[PDB]
$ cat run-v2.csv   # CSV, N, CA and C atoms
chain,number,residue,atom,x,y,z
M,1,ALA,N,-55.8,-43.4,-12.4
M,1,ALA,CA,-56.3,-42.0,-12.5
M,1,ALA,C,-57.7,-41.9,-11.8
M,2,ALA,N,-58.6,-42.8,-12.0
M,2,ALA,CA,-59.9,-42.7,-11.3
M,2,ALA,C,-59.8,-42.5,-9.8
M,3,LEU,N,-58.9,-43.3,-9.2
M,3,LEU,CA,-58.7,-43.2,-7.8
M,3,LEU,C,-58.2,-41.8,-7.4
M,4,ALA,N,-57.3,-41.2,-8.1
M,4,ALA,CA,-56.9,-39.8,-7.8
M,4,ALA,C,-58.0,-38.8,-8.0
M,5,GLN,N,-58.9,-39.1,-9.0
M,5,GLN,CA,-60.0,-38.3,-9.3
M,5,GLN,C,-61.0,-38.3,-8.1
M,6,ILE,N,-61.2,-39.5,-7.5
M,6,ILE,CA,-62.1,-39.6,-6.4
M,6,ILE,C,-61.5,-38.8,-5.2
M,7,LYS,N,-60.2,-38.9,-5.0
M,7,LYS,CA,-59.6,-38.3,-3.9
M,7,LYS,C,-59.7,-36.8,-4.0
M,8,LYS,N,-59.4,-36.2,-5.2
M,8,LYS,CA,-59.5,-34.8,-5.5
M,8,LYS,C,-60.9,-34.3,-5.3
M,9,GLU,N,-61.9,-35.0,-5.7
M,9,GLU,CA,-63.3,-34.6,-5.6
M,9,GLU,C,-63.8,-34.6,-4.1
M,10,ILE,N,-63.4,-35.7,-3.3
M,10,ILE,CA,-63.7,-35.7,-1.9
M,10,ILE,C,-63.0,-34.5,-1.2
M,11,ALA,N,-61.8,-34.3,-1.5
M,11,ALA,CA,-61.0,-33.2,-1.0
M,11,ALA,C,-61.7,-31.9,-1.1
M,12,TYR,N,-62.2,-31.7,-2.4
M,12,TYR,CA,-62.9,-30.5,-2.7
M,12,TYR,C,-64.2,-30.4,-1.8
M,13,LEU,N,-64.9,-31.5,-1.7
M,13,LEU,CA,-66.2,-31.4,-0.9
M,13,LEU,C,-65.9,-31.2,0.6
M,14,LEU,N,-64.8,-31.7,1.1
M,14,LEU,CA,-64.4,-31.4,2.5
M,14,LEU,C,-64.1,-29.9,2.7
M,15,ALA,N,-63.4,-29.3,1.7
M,15,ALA,CA,-63.1,-27.9,1.8
M,15,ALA,C,-64.3,-27.1,1.8
M,16,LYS,N,-65.3,-27.5,1.0
M,16,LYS,CA,-66.6,-26.8,0.8
M,16,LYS,C,-67.3,-26.9,2.2
M,17,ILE,N,-67.3,-28.1,2.8
M,17,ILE,CA,-68.1,-28.2,4.1
M,17,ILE,C,-67.4,-27.4,5.1
M,18,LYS,N,-66.1,-27.3,5.2
M,18,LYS,CA,-65.4,-26.5,6.2
M,18,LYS,C,-65.7,-25.1,6.0
M,19,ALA,N,-65.6,-24.5,4.7
M,19,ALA,CA,-65.8,-23.1,4.5
M,19,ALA,C,-67.3,-22.7,4.9
M,20,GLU,N,-68.2,-23.6,4.6
M,20,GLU,CA,-69.6,-23.3,4.9
M,20,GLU,C,-69.9,-23.3,6.4
M,21,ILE,N,-69.2,-24.2,7.2
M,21,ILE,CA,-69.4,-24.2,8.6
M,21,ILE,C,-68.7,-23.0,9.2
M,22,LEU,N,-67.6,-22.6,8.7
M,22,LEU,CA,-66.9,-21.4,9.3
M,22,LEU,C,-67.6,-20.2,8.9
M,23,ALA,N,-68.4,-20.2,7.8
M,23,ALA,CA,-69.2,-19.1,7.4
M,23,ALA,C,-70.3,-18.9,8.5
M,24,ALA,N,-71.0,-19.9,8.8
M,24,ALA,CA,-72.1,-19.8,9.8
M,24,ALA,C,-71.5,-19.4,11.2
M,25,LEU,N,-70.3,-19.9,11.6
M,25,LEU,CA,-69.7,-19.6,12.8
M,25,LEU,C,-69.4,-18.1,12.9
M,26,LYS,N,-68.9,-17.5,11.8
M,26,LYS,CA,-68.6,-16.1,11.8
M,26,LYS,C,-69.9,-15.3,11.8
M,27,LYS,N,-71.0,-15.8,11.3
M,27,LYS,CA,-72.2,-15.0,11.4
M,27,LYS,C,-72.6,-15.0,12.9
M,28,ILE,N,-72.4,-16.1,13.6
M,28,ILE,CA,-72.6,-16.1,15.1
M,28,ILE,C,-71.6,-15.2,15.8
M,29,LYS,N,-70.3,-15.2,15.6
M,29,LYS,CA,-69.4,-14.4,16.3
M,29,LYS,C,-69.7,-12.9,15.9
M,30,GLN,N,-70.2,-12.6,14.7
M,30,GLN,CA,-70.5,-11.3,14.2
M,30,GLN,C,-71.8,-10.8,15.0
M,31,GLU,N,-72.8,-11.7,15.2
M,31,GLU,CA,-74.0,-11.3,15.9
M,31,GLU,C,-73.6,-10.9,17.3
M,32,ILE,N,-72.8,-11.7,18.1
M,32,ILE,CA,-72.4,-11.3,19.4
M,32,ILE,C,-71.5,-10.1,19.5
M,33,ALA,N,-70.4,-10.1,18.8
M,33,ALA,CA,-69.5,-8.9,18.8
M,33,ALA,C,-70.3,-7.6,18.5
R,1,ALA,N,-51.5,-50.4,-2.5
R,1,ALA,CA,-50.8,-49.3,-1.8
R,1,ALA,C,-51.5,-47.9,-2.1
R,2,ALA,N,-51.8,-47.6,-3.4
R,2,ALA,CA,-52.5,-46.4,-3.7
R,2,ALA,C,-53.8,-46.2,-2.9
R,3,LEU,N,-54.6,-47.2,-2.8
R,3,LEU,CA,-55.8,-47.1,-2.0
R,3,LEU,C,-55.5,-46.7,-0.6
R,4,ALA,N,-54.5,-47.3,0.1
R,4,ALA,CA,-54.2,-47.0,1.5
R,4,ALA,C,-53.7,-45.5,1.5
R,5,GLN,N,-53.0,-45.1,0.4
R,5,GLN,CA,-52.5,-43.8,0.4
R,5,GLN,C,-53.6,-42.8,0.3
R,6,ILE,N,-54.7,-43.1,-0.5
R,6,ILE,CA,-55.8,-42.2,-0.6
R,6,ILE,C,-56.5,-42.1,0.8
R,7,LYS,N,-56.6,-43.2,1.5
R,7,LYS,CA,-57.3,-43.3,2.8
R,7,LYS,C,-56.6,-42.4,3.8
R,8,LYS,N,-55.2,-42.6,3.9
R,8,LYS,CA,-54.4,-41.8,4.7
R,8,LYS,C,-54.5,-40.3,4.5
R,9,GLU,N,-54.5,-39.9,3.2
R,9,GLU,CA,-54.6,-38.5,2.9
R,9,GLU,C,-55.9,-37.9,3.2
R,10,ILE,N,-57.0,-38.6,2.9
R,10,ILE,CA,-58.4,-38.1,3.3
R,10,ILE,C,-58.5,-38.0,4.8
R,11,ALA,N,-57.9,-39.0,5.6
R,11,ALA,CA,-57.9,-39.0,7.0
R,11,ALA,C,-57.2,-37.8,7.6
R,12,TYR,N,-56.1,-37.4,7.0
R,12,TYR,CA,-55.4,-36.2,7.3
R,12,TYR,C,-56.2,-35.0,7.1
R,13,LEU,N,-56.9,-34.9,6.0
R,13,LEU,CA,-57.7,-33.7,5.7
R,13,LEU,C,-58.9,-33.6,6.6
R,14,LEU,N,-59.5,-34.7,7.0
R,14,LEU,CA,-60.6,-34.7,8.0
R,14,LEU,C,-60.1,-34.1,9.3
R,15,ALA,N,-58.9,-34.6,9.8
R,15,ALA,CA,-58.4,-34.1,11.0
R,15,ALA,C,-58.1,-32.6,10.9
R,16,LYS,N,-57.6,-32.1,9.8
R,16,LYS,CA,-57.3,-30.7,9.6
R,16,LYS,C,-58.6,-29.9,9.6
R,17,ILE,N,-59.7,-30.4,9.0
R,17,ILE,CA,-61.0,-29.7,9.0
R,17,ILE,C,-61.5,-29.6,10.5
R,18,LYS,N,-61.4,-30.7,11.2
R,18,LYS,CA,-61.9,-30.8,12.6
R,18,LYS,C,-61.1,-29.8,13.4
R,19,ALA,N,-59.8,-29.8,13.4
R,19,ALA,CA,-59.0,-28.9,14.2
R,19,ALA,C,-59.3,-27.5,13.9
R,20,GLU,N,-59.5,-27.1,12.6
R,20,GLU,CA,-59.8,-25.7,12.2
R,20,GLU,C,-61.1,-25.3,12.7
R,21,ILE,N,-62.1,-26.2,12.7
R,21,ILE,CA,-63.5,-25.8,13.2
R,21,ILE,C,-63.4,-25.6,14.7
R,22,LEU,N,-62.7,-26.5,15.4
R,22,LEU,CA,-62.7,-26.4,16.9
R,22,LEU,C,-61.9,-25.2,17.2
R,23,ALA,N,-60.9,-24.8,16.4
R,23,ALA,CA,-60.2,-23.5,16.7
R,23,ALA,C,-61.1,-22.4,16.6
R,24,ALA,N,-62.0,-22.2,15.6
R,24,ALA,CA,-62.9,-21.1,15.6
R,24,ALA,C,-63.9,-21.2,16.7
R,25,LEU,N,-64.4,-22.4,17.1
R,25,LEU,CA,-65.3,-22.5,18.2
R,25,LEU,C,-64.7,-22.0,19.5
R,26,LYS,N,-63.5,-22.3,19.7
R,26,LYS,CA,-62.8,-21.9,20.9
R,26,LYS,C,-62.6,-20.4,20.9
R,27,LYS,N,-62.4,-19.8,19.7
R,27,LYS,CA,-62.3,-18.3,19.7
R,27,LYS,C,-63.7,-17.8,20.1
R,28,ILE,N,-64.8,-18.4,19.7
R,28,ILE,CA,-66.1,-17.9,20.2
R,28,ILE,C,-66.3,-18.2,21.7
R,29,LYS,N,-66.0,-19.4,22.2
R,29,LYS,CA,-66.2,-19.6,23.7
R,29,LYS,C,-65.3,-18.7,24.4
R,30,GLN,N,-64.1,-18.3,23.9
R,30,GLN,CA,-63.2,-17.4,24.5
R,30,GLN,C,-63.8,-16.0,24.5
R,31,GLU,N,-64.4,-15.5,23.4
R,31,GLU,CA,-65.0,-14.2,23.4
R,31,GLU,C,-66.0,-14.1,24.5
R,32,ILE,N,-67.0,-15.0,24.6
R,32,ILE,CA,-68.0,-15.0,25.6
R,32,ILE,C,-67.5,-15.2,27.0
R,33,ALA,N,-66.7,-16.2,27.4
R,33,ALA,CA,-66.2,-16.3,28.7
R,33,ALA,C,-65.4,-15.1,29.1
V,1,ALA,N,-67.3,-49.0,-11.4
V,1,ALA,CA,-68.6,-48.7,-10.7
V,1,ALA,C,-68.5,-48.6,-9.2
V,2,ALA,N,-67.9,-49.6,-8.6
V,2,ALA,CA,-67.7,-49.6,-7.1
V,2,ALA,C,-67.0,-48.4,-6.6
V,3,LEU,N,-66.0,-47.9,-7.3
V,3,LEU,CA,-65.3,-46.7,-6.9
V,3,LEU,C,-66.3,-45.5,-6.9
V,4,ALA,N,-67.1,-45.4,-8.0
V,4,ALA,CA,-68.0,-44.2,-8.0
V,4,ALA,C,-69.1,-44.4,-6.9
V,5,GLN,N,-69.4,-45.7,-6.6
V,5,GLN,CA,-70.4,-45.9,-5.6
V,5,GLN,C,-69.8,-45.5,-4.2
V,6,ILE,N,-68.5,-45.7,-4.0
V,6,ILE,CA,-67.9,-45.3,-2.7
V,6,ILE,C,-67.9,-43.8,-2.6
V,7,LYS,N,-67.6,-43.1,-3.7
V,7,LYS,CA,-67.5,-41.7,-3.8
V,7,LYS,C,-68.9,-41.1,-3.5
V,8,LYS,N,-69.9,-41.6,-4.1
V,8,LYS,CA,-71.3,-41.1,-3.9
V,8,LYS,C,-71.7,-41.3,-2.5
V,9,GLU,N,-71.4,-42.4,-1.8
V,9,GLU,CA,-71.8,-42.7,-0.5
V,9,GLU,C,-71.1,-41.8,0.5
V,10,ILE,N,-69.7,-41.6,0.4
V,10,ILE,CA,-69.0,-40.6,1.2
V,10,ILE,C,-69.5,-39.2,1.0
V,11,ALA,N,-69.8,-38.8,-0.2
V,11,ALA,CA,-70.4,-37.5,-0.5
V,11,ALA,C,-71.7,-37.3,0.3
V,12,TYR,N,-72.5,-38.3,0.3
V,12,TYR,CA,-73.8,-38.2,1.0
V,12,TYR,C,-73.5,-38.1,2.5
V,13,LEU,N,-72.6,-38.8,3.1
V,13,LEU,CA,-72.3,-38.7,4.5
V,13,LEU,C,-71.7,-37.4,4.9
V,14,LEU,N,-70.9,-36.8,4.0
V,14,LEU,CA,-70.4,-35.4,4.2
V,14,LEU,C,-71.5,-34.4,4.3
V,15,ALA,N,-72.5,-34.5,3.4
V,15,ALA,CA,-73.6,-33.6,3.3
V,15,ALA,C,-74.4,-33.8,4.6
V,16,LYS,N,-74.6,-35.0,5.1
V,16,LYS,CA,-75.3,-35.3,6.3
V,16,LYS,C,-74.6,-34.7,7.5
V,17,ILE,N,-73.3,-34.8,7.6
V,17,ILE,CA,-72.5,-34.2,8.7
V,17,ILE,C,-72.7,-32.7,8.7
V,18,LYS,N,-72.5,-32.1,7.5
V,18,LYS,CA,-72.7,-30.6,7.4
V,18,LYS,C,-74.0,-30.2,7.8
V,19,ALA,N,-75.1,-30.8,7.3
V,19,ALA,CA,-76.5,-30.4,7.7
V,19,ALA,C,-76.7,-30.5,9.2
V,20,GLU,N,-76.2,-31.5,9.8
V,20,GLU,CA,-76.4,-31.7,11.2
V,20,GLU,C,-75.7,-30.7,12.1
V,21,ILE,N,-74.5,-30.3,11.6
V,21,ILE,CA,-73.7,-29.3,12.4
V,21,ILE,C,-74.4,-28.0,12.2
V,22,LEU,N,-74.9,-27.6,11.0
V,22,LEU,CA,-75.5,-26.3,10.8
V,22,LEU,C,-76.8,-26.3,11.5
V,23,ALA,N,-77.4,-27.5,11.7
V,23,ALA,CA,-78.7,-27.5,12.5
V,23,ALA,C,-78.3,-27.1,13.9
V,24,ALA,N,-77.4,-27.7,14.6
V,24,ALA,CA,-77.0,-27.3,16.0
V,24,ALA,C,-76.6,-25.9,16.0
V,25,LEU,N,-75.8,-25.3,15.1
V,25,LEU,CA,-75.4,-24.0,15.1
V,25,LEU,C,-76.6,-23.0,15.1
V,26,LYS,N,-77.6,-23.3,14.3
V,26,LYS,CA,-78.8,-22.5,14.2
V,26,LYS,C,-79.5,-22.6,15.5
V,27,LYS,N,-79.6,-23.7,16.2
V,27,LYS,CA,-80.2,-23.8,17.5
V,27,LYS,C,-79.5,-22.8,18.4
V,28,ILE,N,-78.2,-22.7,18.4
V,28,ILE,CA,-77.4,-21.7,19.2
V,28,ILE,C,-77.7,-20.3,18.7
V,29,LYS,N,-77.7,-19.9,17.4
V,29,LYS,CA,-78.0,-18.6,17.0
V,29,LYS,C,-79.4,-18.2,17.3
V,30,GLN,N,-80.3,-19.2,17.4
V,30,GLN,CA,-81.7,-19.0,17.7
V,30,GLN,C,-81.8,-18.7,19.2
V,31,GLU,N,-81.1,-19.5,20.0
V,31,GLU,CA,-81.1,-19.2,21.5
V,31,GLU,C,-80.8,-17.8,21.8
V,32,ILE,N,-79.6,-17.3,21.2
V,32,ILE,CA,-79.2,-16.0,21.5
V,32,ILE,C,-80.0,-14.9,20.9
V,33,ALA,N,-80.4,-14.9,19.6
V,33,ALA,CA,-81.3,-13.9,19.0
V,33,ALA,C,-82.6,-13.9,19.8
L,1,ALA,N,-63.0,-56.1,-1.5
L,1,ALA,CA,-63.1,-55.9,0.0
L,1,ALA,C,-62.3,-54.7,0.5
L,2,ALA,N,-61.1,-54.5,0.0
L,2,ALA,CA,-60.3,-53.3,0.5
L,2,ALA,C,-61.0,-52.0,0.3
L,3,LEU,N,-61.7,-51.8,-0.9
L,3,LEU,CA,-62.5,-50.7,-1.1
L,3,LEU,C,-63.5,-50.5,-0.1
L,4,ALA,N,-64.3,-51.5,0.3
L,4,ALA,CA,-65.4,-51.4,1.2
L,4,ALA,C,-64.7,-51.1,2.6
L,5,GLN,N,-63.5,-51.6,2.9
L,5,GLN,CA,-62.8,-51.4,4.1
L,5,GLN,C,-62.5,-49.9,4.2
L,6,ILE,N,-62.0,-49.3,3.1
L,6,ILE,CA,-61.6,-47.9,3.1
L,6,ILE,C,-62.9,-47.1,3.4
L,7,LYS,N,-64.0,-47.4,2.8
L,7,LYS,CA,-65.2,-46.7,2.9
L,7,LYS,C,-65.7,-46.7,4.4
L,8,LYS,N,-65.7,-47.9,5.0
L,8,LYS,CA,-66.1,-48.1,6.3
L,8,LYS,C,-65.3,-47.3,7.3
L,9,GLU,N,-63.9,-47.3,7.1
L,9,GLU,CA,-63.0,-46.5,8.0
L,9,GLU,C,-63.2,-45.0,7.8
L,10,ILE,N,-63.4,-44.5,6.6
L,10,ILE,CA,-63.6,-43.1,6.4
L,10,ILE,C,-65.0,-42.7,7.1
L,11,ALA,N,-66.0,-43.5,6.9
L,11,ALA,CA,-67.3,-43.3,7.5
L,11,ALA,C,-67.2,-43.2,9.0
L,12,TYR,N,-66.4,-44.0,9.6
L,12,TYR,CA,-66.2,-44.0,11.0
L,12,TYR,C,-65.5,-42.7,11.4
L,13,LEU,N,-64.5,-42.3,10.7
L,13,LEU,CA,-63.8,-41.0,11.0
L,13,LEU,C,-64.7,-39.8,10.9
L,14,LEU,N,-65.6,-39.8,9.9
L,14,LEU,CA,-66.6,-38.7,9.7
L,14,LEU,C,-67.5,-38.7,10.9
L,15,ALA,N,-68.0,-39.8,11.4
L,15,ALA,CA,-68.9,-39.8,12.5
L,15,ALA,C,-68.1,-39.3,13.8
L,16,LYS,N,-66.9,-39.7,13.9
L,16,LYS,CA,-66.1,-39.2,15.0
L,16,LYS,C,-65.9,-37.7,15.0
L,17,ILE,N,-65.6,-37.1,13.8
L,17,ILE,CA,-65.4,-35.7,13.7
L,17,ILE,C,-66.7,-35.0,14.0
L,18,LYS,N,-67.9,-35.5,13.5
L,18,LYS,CA,-69.2,-34.9,13.8
L,18,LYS,C,-69.4,-34.9,15.3
L,19,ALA,N,-69.3,-36.1,16.0
L,19,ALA,CA,-69.6,-36.2,17.4
L,19,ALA,C,-68.7,-35.2,18.2
L,20,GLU,N,-67.4,-35.1,17.8
L,20,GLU,CA,-66.6,-34.2,18.6
L,20,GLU,C,-66.9,-32.7,18.4
L,21,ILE,N,-67.4,-32.3,17.2
L,21,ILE,CA,-67.7,-30.9,16.9
L,21,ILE,C,-69.0,-30.7,17.7
L,22,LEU,N,-70.0,-31.6,17.7
L,22,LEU,CA,-71.3,-31.3,18.4
L,22,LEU,C,-71.0,-31.3,19.9
L,23,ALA,N,-70.0,-32.0,20.4
L,23,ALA,CA,-69.6,-32.0,21.8
L,23,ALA,C,-69.2,-30.6,22.1
L,24,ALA,N,-68.3,-30.0,21.4
L,24,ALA,CA,-67.8,-28.6,21.7
L,24,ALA,C,-69.0,-27.6,21.6
L,25,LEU,N,-69.9,-27.8,20.6
L,25,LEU,CA,-71.0,-26.9,20.4
L,25,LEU,C,-71.9,-26.9,21.7
L,26,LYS,N,-72.2,-28.1,22.2
L,26,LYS,CA,-73.0,-28.3,23.3
L,26,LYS,C,-72.3,-27.7,24.5
L,27,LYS,N,-71.0,-27.7,24.7
L,27,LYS,CA,-70.3,-27.1,25.8
L,27,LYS,C,-70.6,-25.6,25.7
L,28,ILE,N,-70.6,-25.0,24.5
L,28,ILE,CA,-70.9,-23.6,24.3
L,28,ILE,C,-72.4,-23.3,24.6
L,29,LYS,N,-73.4,-24.1,24.1
L,29,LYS,CA,-74.8,-23.8,24.4
L,29,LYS,C,-75.0,-24.0,25.9
L,30,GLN,N,-74.3,-24.9,26.5
L,30,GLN,CA,-74.4,-25.1,28.0
L,30,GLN,C,-73.9,-23.9,28.7
L,31,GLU,N,-72.7,-23.3,28.3
L,31,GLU,CA,-72.2,-22.1,28.9
L,31,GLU,C,-73.2,-21.0,28.9
L,32,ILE,N,-73.8,-20.7,27.8
L,32,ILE,CA,-74.7,-19.6,27.7
L,32,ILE,C,-76.1,-19.9,28.4
L,33,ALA,N,-76.7,-21.1,28.2
L,33,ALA,CA,-78.0,-21.3,28.9
L,33,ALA,C,-77.7,-21.3,30.4
$ encode --input "run-v2.csv" --output "structure tokens"
Amino acid sequence: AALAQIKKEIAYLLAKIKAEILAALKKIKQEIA
Amino acid sequence: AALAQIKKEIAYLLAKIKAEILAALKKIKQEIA
Amino acid sequence: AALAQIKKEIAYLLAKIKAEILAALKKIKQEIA
Amino acid sequence: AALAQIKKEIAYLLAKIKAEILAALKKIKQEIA
């Protein structure tokens, strides 16, 4: 169980990092368009 | 085995995050070029 | 304990990768603004 | 040992994802400058 818990928590953090980076990229595409 | 399974699945998620970020970056380089 | 230690260290590295990428993005938004 | 091996390999993949993303960002900052 603990292994699957670690996997789930890292997966969540990856998705959070991705969403935050794409948020800043869209602010840049929004600035230019 | 479960450890290698966790590693393989995180590796996959990393590659997915990378491809998605580079997809949005190319939409931005495409907009400007 | 070692499992939680691995999780904590990967979490730290993710946050470092995110901060560095957002640093370069802001240098780009700064260039254009 | 296997746990530390998994950690080392994910760490490597993170650094590879970061370097590749910053490579594409610099191609974009290079295009505009």
$ interface_residues --input "run-v2.csv" --of "chain L" --to "chain R" --cutoff "7 Å" --atoms "only N, CA and C atoms" --output "PyMOL selection string"
chain L and resi 6+17+21+28
$ atom_distance --input "run-v2.csv" --atom1 "atom CA of residue L:1" --atom2 "atom CA of residue R:2"
14.7 Å
$ atom_distance --input "run-v2.csv" --atom1 "atom CA of residue M:20" --atom2 "atom N of residue R:20"
13.3 Å
$ atom_distance --input "run-v2.csv" --atom1 "atom CA of residue V:13" --atom2 "atom N of residue R:16"
17.0 Å
$ decode --input "run-v2.csv" --residues "chain R" --atoms "C-alpha atoms" --output "PDB file, in the first residue's frame"
ATOM      1  CA  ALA R   1       8.422  -6.164  -9.392  1.00  0.00           C
ATOM      2  CA  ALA R   2       6.053  -3.546  -7.886  1.00  0.00           C
ATOM      3  CA  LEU R   3       8.987  -1.124  -7.462  1.00  0.00           C
ATOM      4  CA  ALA R   4       9.938  -1.442 -11.134  1.00  0.00           C
ATOM      5  CA  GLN R   5       6.246  -1.038 -12.009  1.00  0.00           C
ATOM      6  CA  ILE R   6       6.102   2.242 -10.045  1.00  0.00           C
ATOM      7  CA  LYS R   7       9.269   3.460 -11.772  1.00  0.00           C
ATOM      8  CA  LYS R   8       7.930   2.621 -15.246  1.00  0.00           C
ATOM      9  CA  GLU R   9       4.614   4.375 -14.575  1.00  0.00           C
ATOM     10  CA  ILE R  10       6.250   7.590 -13.200  1.00  0.00           C
ATOM     11  CA  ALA R  11       8.646   7.533 -16.199  1.00  0.00           C
ATOM     12  CA  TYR R  12       5.655   7.400 -18.500  1.00  0.00           C
ATOM     13  CA  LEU R  13       3.973  10.308 -16.716  1.00  0.00           C
ATOM     14  CA  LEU R  14       7.148  12.412 -16.950  1.00  0.00           C
ATOM     15  CA  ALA R  15       7.341  11.812 -20.710  1.00  0.00           C
ATOM     16  CA  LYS R  16       3.659  12.767 -21.016  1.00  0.00           C
ATOM     17  CA  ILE R  17       4.233  16.026 -19.065  1.00  0.00           C
ATOM     18  CA  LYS R  18       7.253  16.869 -21.215  1.00  0.00           C
ATOM     19  CA  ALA R  19       5.451  16.195 -24.540  1.00  0.00           C
ATOM     20  CA  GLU R  20       2.471  18.316 -23.449  1.00  0.00           C
ATOM     21  CA  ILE R  21       4.635  21.257 -22.392  1.00  0.00           C
ATOM     22  CA  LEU R  22       6.643  21.137 -25.634  1.00  0.00           C
ATOM     23  CA  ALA R  23       3.331  20.973 -27.524  1.00  0.00           C
ATOM     24  CA  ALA R  24       2.187  24.289 -25.986  1.00  0.00           C
ATOM     25  CA  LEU R  25       5.637  25.860 -26.538  1.00  0.00           C
ATOM     26  CA  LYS R  26       5.519  24.963 -30.227  1.00  0.00           C
ATOM     27  CA  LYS R  27       2.041  26.525 -30.494  1.00  0.00           C
ATOM     28  CA  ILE R  28       3.680  29.712 -29.139  1.00  0.00           C
ATOM     29  CA  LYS R  29       6.746  29.535 -31.499  1.00  0.00           C
ATOM     30  CA  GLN R  30       4.245  28.824 -34.318  1.00  0.00           C
ATOM     31  CA  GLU R  31       2.138  31.897 -33.397  1.00  0.00           C
ATOM     32  CA  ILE R  32       5.156  34.209 -33.533  1.00  0.00           C
ATOM     33  CA  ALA R  33       6.981  32.736 -36.601  1.00  0.00           C
TER      34      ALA R  33
END
